[PDB]
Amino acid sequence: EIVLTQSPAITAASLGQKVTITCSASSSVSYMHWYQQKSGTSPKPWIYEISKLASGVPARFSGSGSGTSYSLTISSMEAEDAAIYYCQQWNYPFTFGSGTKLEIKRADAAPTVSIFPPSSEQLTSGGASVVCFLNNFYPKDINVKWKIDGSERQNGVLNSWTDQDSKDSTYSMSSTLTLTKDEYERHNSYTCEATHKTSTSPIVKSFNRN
């Protein structure tokens, strides 16, 4: 019955900023709980009964609200605070909130592109996958483009992005064009282009099979 809708769905805050996320219940509830979760780990209890901090939780955190609207606030946002926050109905059936993904707002950076030709061993097995890494950039929005002998190929490429790097707060993308030894040897010019808001000129990287 009761639905907990958290907002914003996703937001990036700069180190030092005062962050405040909210939770809206469909009908009144006496108390609300808050949990913090990071990729690949069990969610951790963060706040009990609206405003009571859990063990190990930094004083910069605080909670408030009543009835149908509750809120979680971080006085001074810091690197370690980036994670997903969920709210929870204090009582049965213990429904969870929709969640809020809090990210870090950093300075802009251009992607260090690098292209790689099919490995000898893969070719020996009759396969040929061309890989290209678009590493360490920000914002997260970017677009790769492949050109075989000058012609754009609309897929046959697997894309994969990493989440925000814990050390320098950047993002990274992987692109892989998979072909057979024949298709690979059917052409010669292979190009990987990356378009990011850091420049209008797509960073190009290419190699020739011969």
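Position 1 is the first residue in the sequence shown; the rest follow in order.
When the two stretches 116 to 124 and 100 to 108 are set side by side, the higher mean Cα temperature factor goes to 116 to 124. As recorded in the PDB entry, 70 to 78 is the stretch of 87 to 95 and 70 to 78 with the greater mean C-alpha temperature factor. Out of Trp161, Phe61, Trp146, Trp34, it is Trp146 whose C-alpha atom has the highest B-factor in the PDB entry. Taking the deposited Cα B-factors for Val19, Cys192, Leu15, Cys23, the highest one is held by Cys192.
Sort the modelled residues of the chain by CA B factor and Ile50 lands in the lowest third. Remark: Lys38 belongs to the middle third of its chain, ranked by C-alpha B-factor as recorded. Ranked by Cα temperature factor within the chain, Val3 sits in the middle third according to the deposited record. Per-chain ranking of the deposited C-alpha B factor places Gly150 in the highest third. Sort the chain's modelled residues by C-alpha temperature factor and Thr180 lands in the highest third, per the entry.
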